[PDB]
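Trainee: Residue numbers (PDB author numbering): 1603 to 2063, 2080 to 2103, 2113 to 2227, 2247 to 2789.
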Ligand SMILES: Nc1ncnc2c1ncn2[C@@H]1O[C@H](COP(=O)(O)OP(=O)(O)OP(=O)(O)O)[C@@H](O)[C@H]1O
Ligand SMILES: [Mg+2]
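1) Measuring CB to CB, does residue 2581 end up less than 8 Å from residue 2023?
2) Within 10 angstroms of its Cβ, does residue 1682 collect 16 or more other Cβ (buried), or is it exposed?
3) So who's on the other strand from residue 2407, going by DSSP bridges?
4) Please classify residue 2055 as buried or exposed, where buried requires at least 16 other C-beta atoms within 10 Å of its C-beta.
5) Does the Cβ-Cβ distance between residue 2555 and residue 2563 come in under 8 Å?
6) First and last residue of the beta strand (DSSP E) that includes residue 2057?
7) Between residue 2559 and residue 2608, is the Cβ-Cβ spacing less than 8 Å?
8) For the region 1828-1836 and the region 1789-1802, state whether three or more C-beta atom pairs, one from each stretch, are separated by less than 8 Å.
9) Go to residue 1924, then tell me how far its alpha helix (DSSP H) extends in each direction, as first and last residue.
10) Cβ atoms of residue 2612 and residue 2645: under 8 Å apart, would you say?
11) At a threshold of 7 Å, does residue 2116 count as lining ligand 1 (C-beta to nearest heavy atom)?
12) Run through DSSP, which three-state label would residue 1744 get?
13) Quick one: is residue 2518 buried, meaning 16 or more other Cβ sit within 10 Å of its Cβ, or exposed?
14) Rounded to whole angstroms, what's the CA-CA distance from residue 1678 to residue 2419? Just pull it up for me.
15) With a cut-off of 7 Å, give the chain-ordered residues whose Cβ is closer than this to any heavy atom of ligand 2.
16) Restricting to runs no shorter than 4 residues, where is the alpha helix (DSSP H) found entirely within the region 1641-1716?
17) Using the C-alpha atoms, what's the distance from residue 2495 back to residue 2508?
18) Which residues mark the beginning and the end of the beta strand (DSSP E) in which residue 2011 is found?
19) What residue does the alpha helix (DSSP H) around residue 2399 start on, and which one ends it?
20) Which runs of the alpha helix (DSSP H) fall wholly inside the region 2165-2227 and span at least 4 residues, in chain order?
21) Going by C-alpha distance, which of 2269, 2183, 2297 is nearest residue 2194?
22) Going by other Cβ atoms of all chains shown within 10 Å of its Cβ, with 16 needed for buried, is residue 2279 buried or exposed?
23) Measuring only from the beta carbon, is residue 1649 closer than 7 Å to any heavy atom that is part of ligand 1?
24) Would you tell me roughly how many angstroms separate the C-alpha atoms of residue 2705 and residue 2699, rounded to the nearest one?
25) Taking 7 Å as the cut-off, is the C-beta of residue 2173 nearer than that to any heavy atom in ligand 1?
26) Ligand 1 and residue 1956: does any heavy atom of the ligand fall closer than 7 Å to the residue's C-beta?
27) Should residue 2697 and residue 2734 be called a contact, given that it needs their Cβ atoms to be closer than 8 Å?
28) Run through DSSP, which three-state label would residue 2541 get?
29) For the beta strand (DSSP E) holding residue 2244, just list the boundary residues, first then last.
30) For residue 1618, count neighbouring Cβ atoms within 10 angstroms of its own Cβ and tell me buried if that reaches 16, exposed if not.
31) Taking the alpha-carbon positions, what's the residue 2571 to residue 2530 distance?
32) Starting from the C-beta of residue 2722, find all residues in its chain whose C-beta is less than 7 Å away, skip the five residues before and the five after it, and write them out in chain order.
33) Confirm the yes/no value for this check: CB of residue 2535, any heavy atom of ligand 1, distance under 7 Å.
34) Beta carbon of residue 2062: closer than 7 Å to some heavy atom of ligand 1?
35) Which residue comes first and which comes last in the alpha helix (DSSP H) that contains residue 1965?
36) Does the distance from the CB of residue 2086 to the CB of residue 1918 come in under 8 Å?
So this is what it looks like as C-alpha cells:
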C-alpha cells in the first residue's frame, strides 16, 4: 500500500496477484485509513474463524503451526518439494518420498473445484466493477478470498486441499499407533499428575511404556512445556487430542505444564473448555504432568478436579531396555550405528572428571566407521554447546544446513558436546532429540532424528539419574581402569610421542645405562599396560587424567628429542668417557616435568587452589636450538659428601632431588664448558639477552625494550611459556591486573620477531560481553595472519586472550586450548600460532566491603539470595573479580605469575610519571615527588584487603592524566582561586601556590580521595610524602575544599539550596570527570544532591555561554540521558552512545 499525505491524496493498493487489479481512491486520507484499518480488522476476525473451522474439520492440519502450514502450502504444489518439507511430512507418513506426495496431491483434487474456481475467476471482474469505491471492491476481494481462496493464489494449496493431501498421506504409510492408558488414569477426561521435578520425565516414560514395541512419540502426542512456550502449539496439542480423523489411539501429554506462563495457561484452559463444549472425541488420553512443588500455578490449580492420586512409575532397567530396544537399528540399513554397541543409534559419552576419553572415544568410533565402510568421507559433525541455558535453536541451526541435503544419509556421526557451563537446559533437549526424536522451529523447519545416523552426546558430570536412561559410555582415568576394569589407546601407544619417553623410562626403571641408545624410531615391544604403569610411576600425580599423562609424555618427548639432536651423545661416543649423561638427562627432565606437567569458601576452593606460587623451585635444563650447548637456570649444582652432585635452589640451602649426577659427569661437563651453576642477577643486560636468545633459539638478538628488567624470575617465566608451547602443553596463566603478564608476553613476542614490523602478538581483551562468535572469528583470523607470518617471515604468532575468564564463553577458550578446535573445525599444527590465555584469581571481597556495598544508597535491587549472577552460592557482586568458573581440563593447566614486588612497582610508577607528564618542564625532583605520592597511595590501598580492581598501574596512568589536566590549567585555575580566596576568605588562605605541588594535591583529590569513606586516614598517610605546604591532613583537606567551593561558585547562583559538602563534591567530580572522559558513578539515597549536581554541571559547563570566567575556559557539554528501567534492553544503551557520537 501507498498512502499519499497530500490534500486529496488518497490510498493506492496492490495485491501482488495477476487476477486482481490495483485499487486507488482519493479523499481525506485519515478517514480512508480509519475505514481501511476497520475493514482489515474485521477481515482478521473472519480469517481467524475460518482457519479455526478448517483446523476443526481437517485433523492432520494440526501438526503444523500457521507459518509451517504456509511453508507446506507453498511447497507441496511445487513439482519437487524441498527436503525440509519432506522432513516435516515424515511425521504424518514416515519415509515420505516425492512420489507418495505426487500421489497424495493428485488424489486430492476434483474437477468440480476446478471449474468452480474458474467460474469465480471469470465472474470476479464484473463483480468488482459493480462496486464504485475502494472499500466496496476490497470488501468483495476479501469475501471471495475467504470462500474461494485457491483462485486468488494459483500456486499454493488452500487449507482444504492441503488438509486433504495430509489426510491422504496419512493413509498410505499404514499400521497406526495404539496406546492404552495405565491404570489409575481415565480415558475420557484430563489426567493430572503431580510428581516432583525430577520425576516428570521418567513418569512420562512409564505412560508410553505401557504399550511396548510401539514406536516412541514425537512432537505430536508429547508437548514439553517451558516458559516461553507459545499458546499456538499448546492449542495444537489440544486439537490433536480432541478431534476425530486419526487412525490409532495415542496419548497426549503436557509435560511440565505448570512451566507455562499465566496468560498461556489461561488461554489454554479456556480453549480446552471451548473444544470440550463444541465437538470432540470421548476417547481423549490427555495426560498432564506438573511439578508437585508448583501446584499454585494456573494449570494444576485449575485442573485439580481431574487429579490422579497415583504417579506412574516404571523401574529403571525396564526403561533402559525400552529405549535401547527402540535405539537398536537393525542390520542391512547402512547406518553409522554399526560401530557403536552393535547398532545403537544414540549414545551418551560421559565421565566424572575431565580429560579422560570422551572426545577420543567419539573420534575412535569415527575411524572405526571409516575403516568399516571403506571411505574416508564419512562426516563427523561437532556441535559445541557452551552457553548456559542450552538453546535448541542452536543445535537445530547447526543441523539444518548439514543434512537436509540428502547426500551422505547412510553414515553420519553427530558429536554434540555439552560443555560444563550449560547448567540449565539439558534434560529437555535430550528428551526431545533422543526420545521424541525431533527439534522444531515453530515458524520453520522440523528436524527428525534419523535411525541411521549416530547422535553421540558428550556430557560431563539430579542430572545423573536422567543420563542413566540412555545407552551410556563412561570413561575412566588411568588409575580407575587398572584396578576396576588395555586402557591406553593403541594409536597413542604406538605414537612417537608416547614412545621416546616409554623407551627411555623403560631402560631407566631397571637401572640400565643409556650410553648407546638412540631410540631407533619405531615402536618397541611394550605393552600399553606397562607403558601406562611406567608413565604412572614418573609423573608424580597420584590420580592423573589422560590430559596430564599426555602432557607429561609430550614434555619428556620434546626434551629427549632435543637431547638426541645435540652434540653431547656424539661427543660421548668420540671421547669415550662422558657416560652417565643420559641418566642425568632423564632424572632432571622428570624434575622439570614435575614443574610443568603437574599441579599438586567451598565454592572458590577448586579455583583458588593455587597451592604453589612462582615463589617455588623452578629448576630448568634446556638444550638449545640445534647448538652444541645447554642452558641451566633456576638451580645450582653442589657436590654432596657421599660422592655425588646435588641440585639446590639459589640463595637458599635446600636440596632439590639429591644425587642427580656423579663427580665424573660433573667434571666432564666442566671440561665441555656448559653454562652450569651461573648467577643470573649479577650479570649485565647483553649477556642475559644472549642467554635468553640462546635458549629461545633466536639468532642475532635485538633488545626490544631495555627498560624491561630481565631478573631471573622473568627469565624463568619466559622459558616456561616458550617450553609449554614448544612441547605442546596449553598456556593459561592466573595473574592479577598488576603483575607484568602482558608486558612479559609483549617482550617475548617483540624479542622473537627481532626487527620485522609484522604483527605477531594479537591481544584480545575478553570481557563480559564477549560472545563465542567473537572468540571463534578472532581465532580464525589470527590463524590466517599466522599462516601469512610463517609464509613470509618464518615467524611464530601469538594470540593472547587477556583476562580470558570474565566471559561466560570461557568454555570456548578451553576448546581452543585443550582439544585444538574452532567451533568444530580443527586448528592446523603446521600453522604456527600459539594461544595464551590469562585469567583472574577467584577471591571474595572482605565482609566490611560486602556490608558497605550492600548499603550503598538503597539496597541492591535484586538481593544476594535471588541473584542469578552467581559462581556457586556466591554472587558475582561479592567476588573481587567478576569471573566465571574455569572449565575443568583448564584447572590443572593454570599456573601463577608472581603477584608484584615493590622494587618493580615503584620503578614502573616512575616510568609512568616520566612518560605521560614527562620531565621536559616539570623538574626531576618534582617527578620523584609525584612518583612517591602515587606509590604511597597505591601502598595505602593495598593495606586494606578490599578493593575491586586490585588497583593497578592503569589507575596510576589515569591519575597522572588528571595531574596533567590540572597542570595545564594551573594558570587560570590558580588565578581564579586567588580571586575567590581574596573575595571570600581571610589573608591566611592567600599564599602563592606551586602549580606542580598544587596539581598533585588536586590529582590526589580527584583520583583517590573522593572515592574513599575514611578520608582522614588517607590524608594522614599521604601527608607524610608531600613537601612543605601540604604536610598535614588539614592542608590537603582545606585545599580541596577551597577548589570545590571555587567550582561551585563558578556555577550559576542558587538560593534555598542544600549547599552542603556532598553537592560541592559531586559538582567538582562531575566537571572533572567530564573534562577527562573518566566515567563517574554516583550512588546515594534519593535526596542526596546528585541530580542537582547534574543540572548544575550541565548548566555551568557551557562553552562560551557560561556565566563565569572559570567555566568559560572549560569545555562545552551536551548531555544525552537514558533512564535505566529493570526491563531495559542493551540496544538502548548502544543507541544512546551512538547518539552521543552523532552529536
Ligand atoms: N586412552 C588414552 N590413551 C592415550 N591418550 C589418551 C587416552 N584418552 C585420552 N588421551 C589423551 O587425552 C587428551 C584429551 O583427552 P580427551 O580430549 O579425549 O578427553 P575429554 O574427555 O574430551 O576431555 P574433556 O573432559 O575436557 O572434554 C587427548 O589429546 C588424548 O591424546
Ligand atoms: Mg571433549
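Just so you know, even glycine gets a beta-carbon here, dropped at the ideal spot from N, CA and C.
Mentor: Let me spell this out:
1) Residue 2581 sits at position 935 when you count from the first residue of the chain shown. Residue 2023 sits at position 421 when you count from the first residue of the chain shown. Between residue 2581 and residue 2023, the gap from beta carbon to beta carbon reaches 8 Å or more.
2) Within the chain shown, residue 1682 is the residue found at index 80, counting from 1. Around the beta-carbon of residue 1682, fewer than 16 other beta-carbon atoms lie within 10 Å, marking it exposed.
3) Here residue 2407 corresponds to residue number 761 of the chain shown, with the count starting at 1. Paired residue(s): 2444.
4) Residue mapping note: residue 2055 aligns to position 453 of the chain shown, counting from 1. Classified as buried, residue 2055 has 16 or more neighbouring CB atoms from the shown chains inside 10 Å of its CB.
5) Along the chain shown, read from residue 1 onward, the residue named residue 2555 stands at position 909. Along the chain shown, read from residue 1 onward, the residue named residue 2563 stands at position 917. Taking 8 Å as the cut-off, the beta carbon of residue 2555 is found no closer than this to the beta carbon of residue 2563.
6) The count along the chain shown starts at 1 and reaches residue 2057 at position 455. Run containing residue 2057: 2056-2062, per the beta strand (DSSP E) assignment.
7) Taking the first residue of the chain shown as position 1, residue 2559 is located at position 913. Taking the first residue of the chain shown as position 1, residue 2608 is located at position 962. Against a cut-off of 8 Å, the Cβ pair of residue 2608 and residue 2559 comes out as no contact.
8) Note that the region 1828-1836 does not touch the region 1789-1802; fewer than 3 beta-carbon pairs, one per stretch, sit closer than 8 Å.
9) If you number the chain shown from 1, residue 1924 lands on position 322. Following the DSSP letters along the chain, one finds residue 1924 inside the alpha helix (DSSP H) bounded by residues 1918-1929.
10) In the chain shown, counting from the first residue as 1, residue 2645 sits at position 999. In the chain shown, counting from the first residue as 1, residue 2612 sits at position 966. In this structure, the beta-carbon distance from residue 2645 to residue 2612 falls below 8 Å.
11) By one-based count along the chain shown, residue 2116 stands at place 489. Indeed, a heavy atom of ligand 1 lies less than 7 Å from the Cβ.
12) Sequence index remark: in the chain shown, residue 1744 carries index 142 (1-based). Residue 1744 falls in the helix class under three-state DSSP.
13) Mapped onto the chain shown, residue 2518 falls at position 872. Classification for residue 2518: exposed.
14) Position 76 of the chain shown, counted from the first residue, corresponds to residue 1678. Position 773 of the chain shown, counted from the first residue, corresponds to residue 2419. C-alpha of residue 1678 to C-alpha of residue 2419: approximately 37 Å in a straight line.
15) Going by the Cβ distance cut-off, the answer is 1960, 1961, 2019, 2060, 2465.
16) As for any alpha helix (DSSP H) of minimum length 4 sitting wholly inside the region 1641-1716, the runs are 1668-1678, 1685-1690, 1700-1708, ordered along the chain.
17) Position 862 of the chain shown holds residue 2508. Position 849 of the chain shown holds residue 2495. Within the model, the alpha-carbon separation for residue 2508 versus residue 2495 is close to 18 Å.
18) Within the chain shown, numbered from 1, the residue matching residue 2011 stands at position 409. Under the DSSP assignment, residue 2011 falls outside any beta strand (DSSP E); it carries neither an H nor an E label.
19) Walking along the chain shown from the start, residue 2399 turns up at place 753. Unbroken alpha helix (DSSP H) run through residue 2399: 2387-2399.
20) Complete alpha helix (DSSP H) runs here, min 4: 2173-2191, 2195-2202, 2208-2223.
21) Taking the first residue of the chain shown as 1, we reach residue 2194 at position 567. Across the set 2269, 2183, 2297, the C-alpha of 2269 shows the shortest separation from the C-alpha of residue 2194.
22) In the chain shown, counting from the first residue as 1, residue 2279 sits at position 633. It is buried - the Cβ of residue 2279 has at least 16 other Cβ atoms within 10 Å.
23) Stepping through the chain shown from its first residue, residue 1649 is reached at position 47. Residue 1649 Cβ: outside cutoff for every heavy atom of ligand 1.
24) As a working note, residue 2705 is residue 1059 in the chain shown. As a working note, residue 2699 is residue 1053 in the chain shown. Straight-line Cα distance between these residues: approximately 11 Å.
25) Within the chain shown, residue 2173 is the residue found at index 546, counting from 1. Yes - ligand 1 has a heavy atom lying nearer than 7 Å to the Cβ of residue 2173.
26) Taking the chain shown and counting its residues from 1, one reaches residue 1956 at position 354. Yes.
27) Locating residue 2697 in the chain shown gives position 1051, counting from the first residue. Locating residue 2734 in the chain shown gives position 1088, counting from the first residue. At a Cβ-Cβ threshold of 8 Å, residue 2697 and residue 2734 do not count as neighbours.
28) Within the chain shown, numbered from 1, the residue matching residue 2541 stands at position 895. DSSP places residue 2541 in strand when its eight states are reduced to three.
29) Absent from the coordinates is residue 2244, which sits in the stretch where the chain moves from 2227 straight to 2247.
30) Residue numbering aside, residue 1618 sits at position 16 when the chain shown is read from its first letter. Per the 10 Å Cβ criterion, exposed.
31) By 1-based counting over the chain shown, the position of residue 2571 is 925. By 1-based counting over the chain shown, the position of residue 2530 is 884. Within the model, the alpha-carbon separation for residue 2571 versus residue 2530 is close to 45 Å.
32) Residue 2722 sits at position 1076 when you count from the first residue of the chain shown. The residues 2607, 2608, 2611, in chain order, have a CB closer than 7 Å to that of residue 2722 in the same chain once the five nearest residues on each side in sequence are set aside.
33) As a working note, residue 2535 is residue 889 in the chain shown. Distances from the CB of residue 2535 to the heavy atoms of ligand 1 include at least one below 7 Å.
34) The residue labelled residue 2062 in the question sits at position 460 within the chain shown. Relative to ligand 1, residue 2062 has its C-beta within less than 7 Å of a heavy atom.
35) Mapped onto the chain shown, residue 1965 falls at position 363. 1960-1974 is the extent of the alpha helix (DSSP H) around residue 1965.
36) Locating residue 2086 in the chain shown gives position 468, where the first residue counts as 1. Locating residue 1918 in the chain shown gives position 316, where the first residue counts as 1. Result yes, Cβ atoms of residue 2086 and residue 1918 sit closer than 8 Å.
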